[PDB]
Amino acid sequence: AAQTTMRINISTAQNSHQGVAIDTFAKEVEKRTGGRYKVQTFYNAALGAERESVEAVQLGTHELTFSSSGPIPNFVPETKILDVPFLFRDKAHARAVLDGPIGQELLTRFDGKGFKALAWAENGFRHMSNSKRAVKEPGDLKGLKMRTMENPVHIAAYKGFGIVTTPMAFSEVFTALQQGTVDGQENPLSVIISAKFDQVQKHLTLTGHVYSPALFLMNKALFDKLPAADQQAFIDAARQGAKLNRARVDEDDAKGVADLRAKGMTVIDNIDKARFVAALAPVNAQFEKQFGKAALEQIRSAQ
């Protein structure tokens, strides 16, 4: 029987929340299509880091990618609202928003930019790490040189803390931290652990300053050529991928502080979040003007 082999990649390790996502997706696609579609999985930025990969999928040089929302505004501007600091109360809030009508509407914004966005998934809440000093209050961030993703909302937000930002593809981060080009970076525990950033970062604070969604993306032309039953199979495979992805994030978050302490990191997990929110007031006010009160309240009031 005719079979098609496609490729999907991530910037992170096979042994991570995102590796679980794409391995689960590949297994489900094969099962739900009775072997007529197979998906080869690639890790650690093989086939490109996130921005390059989203571009590649748009071009069609490979078929699929799983990416955080970080580089997405370079392609689909509507997702920026999700990247606002301190927008989501907790993972349940974020997941409910993305799975429900608000997130579905955002998926439709990908169609006109040459993707099928199969499903929302999760990277996690992001936390600040660095080599220089323990961060116990927002003032401790001032002057730190921090790598960021290629995301305009994060860059503006972190400048609000007095951080000196440098956007970089994820594939360059470990080496930049090791060499001291930047003092630090920010990422969920799922990434910090799987990327072994404990080896090149002494300090971590659970600032939880933004929620980082992720997405399964497919080249639109390729998706549209799938038979209808197979389109449905790919969507359902992605949703199952998101389920196991989120479960792994939950496990990582539950055990991660003890794990990273055992590995030698000084992890500050007791901070006054209100103080960090207050520090961003000027930039918060700009985001409120940018996205509008209705859209931000629509998300904040979701339950």
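One rule holds for the numbers: they count along the sequence shown, beginning at 1.
**Q** Of the two stretches 152-160 and 209-217, which shows the higher Cα B-factor on average in the entry?
**A** Mean B over CA atoms: larger for 152-160.
**Q** Which has higher Cα B-factors on average according to the PDB entry: 53-61 or 23-31?
**A** Comparing 23-31 with 53-61, the higher average CA B-factor belongs to 23-31.
**Q** What's the residue among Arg147, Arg95, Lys225, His203 with the greatest CA temperature factor in the PDB record?
**A** Within the set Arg147, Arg95, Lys225, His203, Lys225 shows the top C-alpha B-factor.
**Q** Taking the Cα B-factors listed in the entry, which of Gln231, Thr165, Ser131, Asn187 comes out highest?
**A** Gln231 has the highest C-alpha B-factor of those listed.
**Q** Just say lowest, middle or highest third for the CA B-factor of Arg246 relative to the other modelled residues in its chain.
**A** Tercile = lowest for this residue's CA B-factor.
**Q** Would you check the entry's CA temperature factor for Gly70 and let me know if it's in the chain's lowest, middle or highest third?
**A** According to the entry, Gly70 has a C-alpha B-factor in the chain's lowest third.
**Q** Could you place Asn44 in the lowest, middle or highest third of its chain by Cα temperature factor, using the values in the record?
**A** It belongs to the lowest third of the chain when residues are ordered by C-alpha B-factor.
**Q** Where does the C-alpha B-factor of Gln178 rank in its chain, lowest, middle or highest third?
**A** Its C-alpha B-factor, which the entry lists for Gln178, ranks in the middle third among residues of this chain.
**Q** Would the CA B-factor of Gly143 place it in the lowest, middle or highest third of its chain?
**A** Highest third.
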